[PDB]
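Enquirer: What follows is target-v3.txt, made up of compact mmCIF, C-alpha atoms:
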```txt
# COMPACT_ATOMS: atom_id res chain seq x y z
CA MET A 1 -36.41 138.28 -20.85
CA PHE A 2 -35.69 136.83 -17.46
CA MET A 3 -38.16 139.37 -16.08
CA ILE A 4 -40.92 137.87 -18.24
CA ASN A 5 -40.21 134.38 -16.94
CA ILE A 6 -40.88 135.65 -13.43
CA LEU A 7 -44.06 137.60 -14.09
CA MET A 8 -45.31 134.54 -15.94
CA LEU A 9 -45.16 132.76 -12.62
CA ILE A 10 -46.72 135.20 -10.11
CA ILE A 11 -49.68 135.81 -12.43
CA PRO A 12 -50.63 132.28 -13.57
CA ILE A 13 -50.63 131.00 -9.99
CA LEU A 14 -53.05 133.61 -8.63
CA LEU A 15 -55.59 131.81 -10.77
CA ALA A 16 -55.14 128.51 -8.93
CA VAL A 17 -55.44 130.08 -5.47
CA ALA A 18 -58.49 131.79 -6.91
CA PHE A 19 -60.08 128.74 -8.44
CA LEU A 20 -59.29 126.55 -5.51
CA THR A 21 -61.94 128.50 -3.59
CA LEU A 22 -64.42 127.11 -6.09
CA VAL A 23 -63.27 123.50 -5.92
CA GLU A 24 -63.36 124.09 -2.20
CA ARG A 25 -67.12 123.67 -2.08
CA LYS A 26 -67.75 121.33 -5.01
CA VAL A 27 -65.65 118.50 -3.59
CA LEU A 28 -66.75 119.37 -0.10
CA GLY A 29 -70.17 119.66 -1.66
CA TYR A 30 -70.65 116.06 -2.68
CA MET A 31 -69.43 114.82 0.65
CA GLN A 32 -72.58 116.47 1.99
CA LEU A 33 -74.87 115.14 -0.76
CA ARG A 34 -75.51 118.27 -2.82
CA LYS A 35 -74.15 120.23 -5.79
CA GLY A 36 -71.66 123.09 -5.68
CA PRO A 37 -71.90 126.70 -6.90
CA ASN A 38 -73.95 126.22 -9.91
CA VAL A 39 -76.47 128.91 -10.85
CA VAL A 40 -73.94 131.58 -11.81
CA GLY A 41 -71.45 129.76 -14.01
CA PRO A 42 -73.19 128.02 -15.87
CA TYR A 43 -70.96 125.29 -14.44
CA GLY A 44 -69.77 127.55 -11.64
CA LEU A 45 -66.34 128.01 -13.21
CA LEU A 46 -67.31 131.67 -13.54
CA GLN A 47 -67.93 132.21 -9.82
CA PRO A 48 -64.48 133.52 -8.77
CA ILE A 49 -64.46 136.48 -11.17
CA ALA A 50 -67.53 137.77 -9.36
CA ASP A 51 -66.09 137.17 -5.92
CA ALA A 52 -62.76 138.90 -6.47
CA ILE A 53 -64.75 142.01 -7.38
CA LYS A 54 -67.09 142.23 -4.48
CA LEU A 55 -64.43 142.82 -1.88
CA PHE A 56 -62.43 145.69 -3.30
CA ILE A 57 -65.62 147.61 -3.97
CA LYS A 58 -66.69 146.98 -0.38
CA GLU A 59 -65.52 149.62 2.03
CA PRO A 60 -62.29 148.91 4.01
CA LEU A 61 -62.79 150.17 7.57
CA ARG A 62 -59.93 150.55 10.06
CA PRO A 63 -60.52 150.37 13.83
CA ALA A 64 -60.34 153.81 15.36
CA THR A 65 -58.13 152.21 18.04
CA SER A 66 -55.42 150.77 15.77
CA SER A 67 -51.81 151.59 15.03
CA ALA A 68 -51.86 152.09 11.24
CA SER A 69 -48.07 151.75 10.79
CA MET A 70 -48.24 148.07 11.68
CA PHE A 71 -51.59 147.59 10.01
CA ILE A 72 -49.85 147.48 6.61
CA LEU A 73 -46.29 146.15 6.80
CA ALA A 74 -47.81 143.00 8.22
CA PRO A 75 -50.10 142.05 5.28
CA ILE A 76 -47.52 143.46 2.91
CA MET A 77 -45.87 140.18 3.79
CA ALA A 78 -48.54 137.53 3.91
CA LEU A 79 -48.16 138.00 0.20
CA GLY A 80 -44.38 138.09 -0.09
CA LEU A 81 -43.03 135.09 1.79
CA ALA A 82 -45.88 133.20 0.16
CA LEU A 83 -44.79 134.27 -3.32
CA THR A 84 -41.06 134.23 -2.67
CA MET A 85 -40.99 130.69 -1.36
CA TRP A 86 -42.04 129.45 -4.79
CA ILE A 87 -38.80 130.60 -6.32
CA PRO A 88 -36.27 127.72 -6.22
CA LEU A 89 -38.71 124.87 -6.71
CA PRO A 90 -37.88 122.46 -9.53
CA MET A 91 -40.56 121.68 -12.04
CA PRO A 92 -38.24 120.38 -13.48
CA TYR A 93 -36.29 123.53 -14.09
CA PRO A 94 -36.45 125.87 -11.11
CA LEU A 95 -36.18 129.54 -11.80
CA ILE A 96 -33.23 129.77 -9.40
CA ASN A 97 -30.58 127.15 -8.74
CA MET A 98 -29.66 127.40 -5.10
CA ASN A 99 -26.72 125.28 -3.98
CA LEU A 100 -28.06 124.36 -0.55
CA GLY A 101 -31.54 125.81 -1.11
CA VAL A 102 -33.61 123.06 0.59
CA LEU A 103 -32.58 124.76 3.81
CA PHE A 104 -33.91 127.97 2.28
CA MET A 105 -37.52 126.90 2.77
CA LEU A 106 -37.17 126.65 6.54
CA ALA A 107 -35.76 130.13 6.32
CA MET A 108 -39.02 131.21 4.70
CA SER A 109 -41.13 128.72 6.59
CA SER A 110 -39.86 130.25 9.84
CA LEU A 111 -40.32 133.90 8.91
CA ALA A 112 -44.03 133.90 8.16
CA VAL A 113 -45.25 133.42 11.75
CA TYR A 114 -43.65 136.73 12.52
CA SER A 115 -46.36 138.20 10.31
CA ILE A 116 -49.07 136.69 12.49
CA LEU A 117 -47.73 138.15 15.66
CA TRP A 118 -47.75 141.61 14.12
CA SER A 119 -51.28 141.72 12.76
CA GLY A 120 -53.19 140.26 15.67
CA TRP A 121 -51.24 142.55 17.94
CA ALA A 122 -51.26 145.50 15.55
CA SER A 123 -54.98 145.97 15.99
CA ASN A 124 -56.52 145.50 19.36
CA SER A 125 -57.93 143.49 22.28
CA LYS A 126 -58.62 139.96 23.39
CA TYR A 127 -60.19 138.27 20.37
CA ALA A 128 -57.16 139.09 18.23
CA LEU A 129 -54.84 139.95 21.12
CA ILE A 130 -54.28 136.85 23.26
CA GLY A 131 -56.03 135.16 20.40
CA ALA A 132 -53.13 135.87 18.05
CA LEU A 133 -50.66 135.14 20.81
CA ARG A 134 -51.49 131.51 21.37
CA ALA A 135 -51.51 130.64 17.73
CA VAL A 136 -47.92 131.76 17.75
CA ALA A 137 -47.21 129.16 20.44
CA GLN A 138 -48.49 126.20 18.47
CA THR A 139 -46.90 127.31 15.21
CA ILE A 140 -43.38 127.19 16.56
CA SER A 141 -43.64 123.88 18.33
CA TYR A 142 -44.44 122.05 15.07
CA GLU A 143 -41.06 123.01 13.59
CA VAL A 144 -39.00 120.78 15.81
CA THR A 145 -41.22 117.98 14.58
CA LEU A 146 -40.31 119.22 11.13
CA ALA A 147 -36.67 120.16 10.57
CA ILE A 148 -35.66 116.81 12.06
CA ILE A 149 -37.90 114.67 9.86
CA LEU A 150 -36.79 116.74 6.92
CA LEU A 151 -33.21 116.21 8.05
CA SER A 152 -33.70 112.48 8.40
CA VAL A 153 -34.19 111.62 4.72
CA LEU A 154 -31.40 113.99 3.69
CA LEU A 155 -29.06 111.42 5.16
CA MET A 156 -30.63 109.10 2.65
CA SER A 157 -29.94 111.26 -0.37
CA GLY A 158 -26.69 113.05 0.24
CA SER A 159 -27.02 116.78 -0.05
CA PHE A 160 -29.15 119.91 0.42
CA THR A 161 -30.00 120.64 -3.19
CA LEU A 162 -33.06 119.69 -5.16
CA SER A 163 -31.44 118.51 -8.37
CA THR A 164 -30.13 115.48 -6.51
CA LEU A 165 -33.52 114.75 -5.01
CA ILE A 166 -34.92 113.87 -8.42
CA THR A 167 -31.98 111.55 -9.04
CA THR A 168 -32.30 109.46 -5.90
CA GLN A 169 -36.05 108.78 -6.14
CA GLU A 170 -35.63 107.37 -9.59
CA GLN A 171 -37.08 103.91 -9.40
CA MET A 172 -37.88 103.91 -5.70
CA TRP A 173 -40.59 106.38 -4.76
CA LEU A 174 -38.85 107.52 -1.56
CA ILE A 175 -41.99 106.71 0.45
CA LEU A 176 -41.23 103.01 0.80
CA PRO A 177 -38.06 103.18 3.01
CA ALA A 178 -39.21 105.76 5.57
CA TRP A 179 -42.92 105.37 5.45
CA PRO A 180 -42.99 105.80 9.26
CA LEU A 181 -41.63 109.32 8.84
CA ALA A 182 -43.76 110.26 5.85
CA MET A 183 -46.87 110.18 8.01
CA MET A 184 -45.40 112.79 10.30
CA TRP A 185 -44.38 114.89 7.33
CA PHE A 186 -48.08 115.04 6.59
CA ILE A 187 -49.63 115.82 9.98
CA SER A 188 -47.09 118.61 10.35
CA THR A 189 -47.88 120.79 7.34
CA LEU A 190 -51.52 120.26 8.18
CA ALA A 191 -50.91 121.32 11.77
CA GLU A 192 -48.55 124.16 10.97
CA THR A 193 -50.48 125.95 8.20
CA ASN A 194 -53.67 126.01 10.29
CA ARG A 195 -55.92 123.58 8.50
CA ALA A 196 -58.74 121.30 9.34
CA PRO A 197 -58.28 118.92 12.27
CA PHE A 198 -56.02 121.27 14.23
CA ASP A 199 -57.94 124.31 13.19
CA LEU A 200 -57.70 126.63 16.10
CA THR A 201 -55.77 129.59 14.65
CA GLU A 202 -58.51 130.75 12.33
CA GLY A 203 -61.50 130.60 14.58
CA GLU A 204 -64.82 129.00 14.09
CA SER A 205 -65.55 126.93 17.25
CA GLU A 206 -62.96 127.92 19.88
CA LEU A 207 -63.49 131.62 19.16
CA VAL A 208 -65.33 133.85 16.70
CA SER A 209 -62.85 134.26 13.86
CA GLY A 210 -59.14 134.09 14.55
CA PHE A 211 -56.83 136.74 13.22
CA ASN A 212 -59.13 137.60 10.32
CA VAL A 213 -61.69 139.28 12.53
CA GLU A 214 -60.77 142.89 11.90
CA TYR A 215 -59.90 143.08 8.21
CA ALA A 216 -62.92 144.08 6.14
CA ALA A 217 -63.19 143.16 2.49
CA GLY A 218 -60.24 145.34 1.60
CA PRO A 219 -57.15 143.68 3.10
CA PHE A 220 -58.81 140.38 3.91
CA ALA A 221 -58.58 139.17 0.36
CA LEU A 222 -54.78 139.08 0.73
CA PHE A 223 -54.74 136.78 3.75
CA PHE A 224 -57.55 134.67 2.28
CA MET A 225 -55.31 134.64 -0.77
CA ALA A 226 -52.17 134.31 1.35
CA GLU A 227 -53.30 131.41 3.49
CA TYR A 228 -54.01 129.49 0.31
CA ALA A 229 -50.63 130.36 -1.18
CA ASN A 230 -48.90 128.27 1.50
CA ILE A 231 -51.23 125.29 1.37
CA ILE A 232 -50.71 124.53 -2.36
CA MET A 233 -46.93 124.90 -2.00
CA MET A 234 -45.97 122.68 0.91
CA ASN A 235 -48.19 120.21 -0.96
CA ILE A 236 -46.39 121.01 -4.19
CA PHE A 237 -43.22 120.28 -2.20
CA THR A 238 -44.08 117.15 -0.45
CA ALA A 239 -44.32 115.56 -3.84
CA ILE A 240 -40.83 116.63 -4.81
CA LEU A 241 -39.55 115.28 -1.54
CA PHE A 242 -41.43 111.96 -1.54
CA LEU A 243 -43.41 110.92 -4.58
CA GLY A 244 -40.90 111.56 -7.28
CA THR A 245 -41.43 111.77 -10.96
CA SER A 246 -38.96 110.61 -13.58
CA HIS A 247 -37.08 113.45 -15.23
CA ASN A 248 -36.90 113.30 -18.98
CA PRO A 249 -34.10 115.14 -20.73
CA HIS A 250 -36.19 115.12 -23.86
CA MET A 251 -39.79 115.76 -23.28
CA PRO A 252 -39.45 117.97 -20.22
CA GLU A 253 -43.16 118.60 -20.66
CA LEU A 254 -44.09 115.10 -19.82
CA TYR A 255 -42.45 115.70 -16.46
CA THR A 256 -44.84 118.41 -15.34
CA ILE A 257 -47.91 116.76 -16.84
CA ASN A 258 -47.45 113.69 -14.67
CA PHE A 259 -46.31 116.04 -11.91
CA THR A 260 -49.48 118.07 -11.55
CA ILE A 261 -51.55 114.89 -11.71
CA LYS A 262 -49.83 114.00 -8.45
CA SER A 263 -49.41 117.23 -6.51
CA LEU A 264 -53.00 118.01 -7.42
CA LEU A 265 -54.26 114.74 -6.08
CA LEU A 266 -52.24 115.09 -2.93
CA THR A 267 -53.62 118.52 -2.16
CA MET A 268 -57.15 117.32 -2.50
CA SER A 269 -56.44 115.85 0.86
CA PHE A 270 -56.80 118.86 3.08
CA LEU A 271 -60.29 119.17 1.57
CA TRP A 272 -61.01 115.45 1.88
CA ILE A 273 -60.21 115.71 5.59
CA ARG A 274 -62.06 118.88 6.53
CA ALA A 275 -65.42 117.22 6.00
CA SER A 276 -64.43 114.54 8.48
CA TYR A 277 -62.74 115.30 11.80
CA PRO A 278 -63.32 117.55 14.82
CA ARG A 279 -60.99 119.78 16.87
CA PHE A 280 -58.43 119.35 19.63
CA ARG A 281 -58.93 121.80 22.51
CA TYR A 282 -55.56 123.56 22.63
CA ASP A 283 -54.19 121.58 25.58
CA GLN A 284 -54.41 118.24 23.79
CA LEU A 285 -52.99 120.08 20.81
CA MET A 286 -49.39 120.64 21.92
CA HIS A 287 -49.65 118.11 24.74
CA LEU A 288 -49.69 115.50 22.01
CA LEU A 289 -46.49 116.73 20.36
CA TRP A 290 -43.75 116.57 22.97
CA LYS A 291 -45.07 113.42 24.65
CA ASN A 292 -46.06 111.61 21.47
CA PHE A 293 -44.85 112.80 18.05
CA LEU A 294 -41.36 113.84 19.14
CA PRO A 295 -39.72 110.86 20.92
CA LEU A 296 -39.90 108.83 17.74
CA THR A 297 -38.54 111.58 15.52
CA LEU A 298 -35.39 111.61 17.59
CA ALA A 299 -35.31 107.82 17.72
CA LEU A 300 -35.56 107.45 13.97
CA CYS A 301 -32.75 109.96 13.58
CA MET A 302 -30.52 107.56 15.54
CA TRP A 303 -31.59 105.02 12.92
CA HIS A 304 -31.27 106.66 9.49
CA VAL A 305 -27.85 107.78 10.71
CA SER A 306 -26.54 104.26 11.12
CA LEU A 307 -28.35 102.50 8.31
CA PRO A 308 -26.13 103.95 5.58
CA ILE A 309 -22.97 103.47 7.64
CA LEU A 310 -23.96 99.93 8.49
CA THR A 311 -24.44 98.83 4.89
CA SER A 312 -21.58 100.61 3.15
CA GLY A 313 -24.39 102.62 1.61
CA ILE A 314 -23.15 106.14 2.12
CA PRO A 315 -24.80 108.37 -0.49
CA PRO A 316 -22.45 110.01 -3.07
CA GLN A 317 -22.38 113.63 -1.96
CA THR A 318 -20.67 116.39 0.01
CA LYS B 7 -114.93 102.37 7.12
CA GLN B 8 -111.63 103.11 5.46
CA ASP B 9 -108.97 102.97 8.15
CA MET B 10 -105.24 102.30 8.30
CA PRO B 11 -103.87 99.02 9.63
CA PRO B 12 -103.31 96.27 7.07
CA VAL B 13 -104.83 92.83 7.41
CA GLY B 14 -101.74 91.06 8.72
CA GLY B 15 -98.02 91.11 8.10
CA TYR B 16 -95.11 93.50 8.53
CA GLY B 17 -91.43 93.35 9.36
CA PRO B 18 -89.91 94.17 11.71
CA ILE B 19 -86.56 95.55 10.85
CA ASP B 20 -84.33 95.22 13.85
CA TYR B 21 -82.75 97.88 16.00
CA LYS B 22 -79.53 95.92 16.60
CA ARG B 23 -75.88 96.98 16.26
CA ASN B 24 -73.11 95.31 14.25
CA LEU B 25 -70.44 96.79 11.98
CA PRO B 26 -67.22 95.08 13.07
CA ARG B 27 -65.20 93.64 10.18
CA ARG B 28 -61.41 93.25 9.84
CA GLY B 29 -59.24 93.50 8.02
CA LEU B 30 -55.89 91.91 8.91
CA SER B 31 -55.96 92.15 12.69
CA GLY B 32 -53.80 91.12 15.59
CA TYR B 33 -50.11 91.16 14.57
CA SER B 34 -50.91 90.38 10.95
CA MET B 35 -49.95 94.04 10.72
CA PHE B 36 -46.45 94.69 12.06
CA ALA B 37 -45.76 91.63 9.87
CA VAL B 38 -46.36 92.92 6.36
CA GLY B 39 -45.37 96.38 7.55
CA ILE B 40 -41.83 95.65 8.66
CA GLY B 41 -41.60 93.52 5.53
CA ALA B 42 -42.02 96.46 3.19
CA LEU B 43 -39.63 98.77 5.03
CA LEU B 44 -36.80 96.28 4.52
CA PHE B 45 -37.34 95.86 0.80
CA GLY B 46 -37.05 99.61 0.84
CA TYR B 47 -33.52 99.55 2.15
CA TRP B 48 -32.50 96.58 0.04
CA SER B 49 -33.51 98.74 -2.90
CA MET B 50 -30.97 101.20 -1.52
CA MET B 51 -27.53 99.77 -0.71
CA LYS B 52 -27.47 99.12 -4.44
CA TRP B 53 -28.53 102.24 -6.24
CA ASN B 54 -26.52 104.20 -3.67
CA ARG B 55 -23.73 101.64 -4.02
CA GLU B 56 -23.85 102.06 -7.78
CA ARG B 57 -24.06 105.84 -7.80
CA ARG B 58 -20.75 106.08 -5.94
CA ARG B 59 -19.26 103.85 -8.66
CA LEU B 60 -20.05 106.68 -11.06
CA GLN B 61 -18.94 109.35 -8.61
CA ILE B 62 -15.31 108.23 -8.81
CA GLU B 63 -15.67 108.10 -12.59
CA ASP B 64 -16.63 111.75 -12.60
CA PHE B 65 -13.74 113.00 -10.48
CA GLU B 66 -11.57 111.00 -12.85
CA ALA B 67 -11.87 113.32 -15.83
CA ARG B 68 -11.02 116.25 -13.58
CA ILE B 69 -7.76 114.66 -12.53
CA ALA B 70 -7.20 113.26 -16.02
CA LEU B 71 -6.63 116.68 -17.50
CA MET B 72 -5.58 119.59 -15.33
CA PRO B 73 -2.06 119.25 -15.97
```
Using structure tokens, write down the structure from this file.

Expert:
Amino acid sequence: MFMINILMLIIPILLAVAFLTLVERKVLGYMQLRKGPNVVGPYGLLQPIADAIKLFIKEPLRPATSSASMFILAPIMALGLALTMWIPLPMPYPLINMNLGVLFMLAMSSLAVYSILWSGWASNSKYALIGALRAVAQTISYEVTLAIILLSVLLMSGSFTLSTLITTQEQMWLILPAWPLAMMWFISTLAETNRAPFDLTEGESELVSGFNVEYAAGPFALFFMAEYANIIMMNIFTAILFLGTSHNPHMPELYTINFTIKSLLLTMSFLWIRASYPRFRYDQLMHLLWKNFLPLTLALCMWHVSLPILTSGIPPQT
Amino acid sequence: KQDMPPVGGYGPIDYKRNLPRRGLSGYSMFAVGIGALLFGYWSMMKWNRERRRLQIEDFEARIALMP
């Protein structure tokens, strides 16, 4: 029945990414002093069944000027590498056990931006043309900030797999010891996935609407359901790579219970920001990475290398 | 002969500006901070120095049998 363990995953998650869109504007509602979608629910909890159905009734135009062969294979992705990445992710028991799999995320973190470059180019001119070009450029310069500061800690835990990374955070919430890094693990995923303070990719201010501009109701649910299938995953990751829970070979169930009451707090962070801060004006946006974020990330790497060796600490792995 | 201004008495309420309160300033931070980071590593160097002590124990059974 291994095929019914899968399809029990893909389906029950599409409800979260659906019902996030509701808690989008309730939480961001009371920052403003008001209430959130209310009239339709009664509580509102019934809103997203009505919204999923307005789009696919609503007619899906294509530009007369487009290349239809690319205008499909691209979105036929924004929903794969979002739903594949979930596969080897322990909670506690991952569906797959990949030997070195931690590295496998970067494989699928790196291969999504090659679905932006298609779509914005697939269609047409300068609002999605050079406007989907220069959100490529920022999306690849926030990896080098990443793979390093992912690679740092992994000196402090011994291997590439995720079954060890529950063992080492036992009674030490891995955020003490590298708290300088942890910050930069946060501003990255918020800068890379195109969210609030570095917002430019999806346009509001700097342009009209980035990269979404062409898709009518028909395809544009996918992206608007793809872009929220990354955001609740990196943030359902960070908390396996920092704030660890305590496995329990007996009541596995109490592992996940206490696990979603963390990863679900953590997420409610990209909403708790977006009410707050303004945007960066694309110069300042990269111009603050090389100069500023990076020099440290190298420097710390020269540090977490020696700290095990200089304490006879060296973590028990191959 | 019903008009507005009261007989006497008012505020004012000021227009002034103050909202500066801290908050562990001026090197008080960099003091607690570097103090936590250490107790992080001291919490390592022991777990990680214990876990190896089990590591050898595990490779022991392998060599024990396998004649």

Enquirer: Find the residues in chain A near chain B: any atom within 9 Å counts, using all atoms listed in the file. Write them as number ranges by chain.

Expert: A: 156-157, 168, 172, 174-180, 307-308, 311-317

Enquirer: Work out how far apart CA of residue 39 (chain A) and CA of residue 225 (chain A) are and give it in Å to one decimal.

Expert: 24.1 Å

Enquirer: Counting only C-alpha atoms, which residues sit no farther than 7 Å from the position (-41.7, 120.4, 4.3) in the file's frame? I'd like them as a PDB file with C-alpha atoms, in the coordinates of the input.

Expert:
```pdb
ATOM      1  CA  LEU A 150     -36.790 116.740   6.920  1.00  0.00           C
ATOM      2  CA  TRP A 185     -44.380 114.890   7.330  1.00  0.00           C
ATOM      3  CA  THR A 189     -47.880 120.790   7.340  1.00  0.00           C
ATOM      4  CA  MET A 234     -45.970 122.680   0.910  1.00  0.00           C
ATOM      5  CA  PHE A 237     -43.220 120.280  -2.200  1.00  0.00           C
ATOM      6  CA  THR A 238     -44.080 117.150  -0.450  1.00  0.00           C
TER       7      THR A 238
END
```

Enquirer: Show which residues sit within 12 Å of residue 243 (chain A), as a list in words. Count all atoms listed in the file, and ignore same-chain residues fewer than 3 positions away.

Expert: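 Within the cut-off, the hits are residues 165, 166, 168, 169, 170, 171, 172, 173, 174, 175, 176, 179, 182, 235, 236, 237, 238, 239, 240, 246, 258, 259, 260, 261, 262, 263, 265 and 266 of chain A.
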
Enquirer: Tell me, in Å to one decimal, how far CA of residue 104 (chain A) is from CA of residue 19 (chain A).

Expert: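 A separation of 28.3 Å between them.
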
Enquirer: For residue 126 (chain A), find every residue with an atom within 12 Å (counting all atoms listed in the file), except residues of its own chain fewer than 6 positions away, and show them as a ChimeraX atom specification.

Expert: /A:120,132-134,207-211,213

Enquirer: Work out how far CA of residue 193 (chain A) is from CA of residue 9 (chain A), in Å to one decimal.

Expert: 22.5 Å

Enquirer: I'd like the contact shell of residue 283 (chain A) - 12 Å cut-off, all atoms listed in the file, skipping same-chain residues fewer than 3 positions apart - returned as an mmCIF file with C-alpha atoms, in the coordinates of the input.

Expert:
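Saved file around-v9.cif follows:
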```cif
data_model
loop_
_atom_site.group_PDB
_atom_site.id
_atom_site.type_symbol
_atom_site.label_atom_id
_atom_site.label_comp_id
_atom_site.auth_asym_id
_atom_site.auth_seq_id
_atom_site.Cartn_x
_atom_site.Cartn_y
_atom_site.Cartn_z
ATOM 1 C CA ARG A 134 -51.490 131.510 21.370
ATOM 2 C CA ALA A 137 -47.210 129.160 20.440
ATOM 3 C CA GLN A 138 -48.490 126.200 18.470
ATOM 4 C CA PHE A 198 -56.020 121.270 14.230
ATOM 5 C CA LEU A 200 -57.700 126.630 16.100
ATOM 6 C CA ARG A 279 -60.990 119.780 16.870
ATOM 7 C CA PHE A 280 -58.430 119.350 19.630
ATOM 8 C CA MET A 286 -49.390 120.640 21.920
ATOM 9 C CA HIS A 287 -49.650 118.110 24.740
ATOM 10 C CA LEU A 288 -49.690 115.500 22.010
ATOM 11 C CA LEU A 289 -46.490 116.730 20.360
ATOM 12 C CA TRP A 290 -43.750 116.570 22.970
#
```

Enquirer: With distances taken over all atoms listed in the file, which residue among A:125, A:194, A:5, A:32 lies nearest residue 275 (chain A)?

Expert: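 Ranking A:125, A:194, A:5, A:32 by distance to residue 275 (chain A), first place goes to A:32.
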
Enquirer: Build an axis-aligned box that encloses every atom of region 38-57 of chain B listed in the file, pad it by 3 Å on each side, and report its centre and edge lengths in Å to one decimal, as AutoDock Vina command-line options.

Expert:
```
--center_x -35.0 --center_y 99.4 --center_z 0.4 --size_x 28.6 --size_y 18.9 --size_z 22.5
```

Enquirer: Which residues are near residue 152 (chain A)? Cut-off 10 Å, all atoms listed in the file, ignore same chain within fewer than 5 positions. Put them as an MDAnalysis selection string.

Expert: chainID A and resid 146:147 157 178 181 297:298 300:305

Enquirer: If we count all atoms listed in the file and set the cut-off at 10 Å, which residues sit around residue 98 (chain A), ignoring sequence neighbours fewer than 5 positions away in its own chain? Please answer as an NGL selection string.

Expert: :A and (87-89 or 103-104 or 160-163)
